[PDB]
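See structure below.
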Amino acid sequence: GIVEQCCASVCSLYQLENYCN
Amino acid sequence: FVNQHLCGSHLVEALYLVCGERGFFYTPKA
């Protein structure tokens with residue numbers, strides 16, 4: 001699942017969520 | 001839109017309410 005990919009720093013929302021953004 | 005500044009459990013818990021009808025369908029775990 002996507003949730004890991006921005007649990008590290010600030011990002012673009014595409015690293016935070018795929019479906020609810 | 002713009003998003004919840006949250007990791008992990010708190011993110012997917014918020015997606016149950018915020019995403020209204022379809023929550024967080026995901027990859028299986030075996």
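Just remember, in the structure tokens the first chain shown is A, the second B, etc., residues are 1-based per chain, and ligands are 1-based in the order shown.
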
Using only C-alpha atoms, which residues of chain B come within 7 Å of chain A, and what is the closest atom pair for each, with the distance in Å to one decimal? Give it as CSV, sorted by chain and residue number.
residue,atom,partner,partner_atom,distance
B:1,CA,A:21,CA,5.3
B:2,CA,A:21,CA,6.3
B:3,CA,A:21,CA,6.3
B:7,CA,A:7,CA,5.1
B:8,CA,A:3,CA,5.9
B:19,CA,A:20,CA,5.9
B:26,CA,A:1,CA,5.3
B:27,CA,A:1,CA,5.7

From the DSSP assignment of the backbone, select every residue of chain B that is alpha helix (DSSP H), and format the answer as an MDAnalysis selection string. chainID B and resid 8:18

Mind giving me the straight-line distance from CA of residue 30 in chain B to CA of residue 4 in chain B in Å, one decimal?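 Value for the CA of residue 30 in chain B-CA of residue 4 in chain B distance: 28.7 Å.
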
Any idea what the distance is between CA of residue 24 in chain B and CA of residue 5 in chain B? 16.7 Å
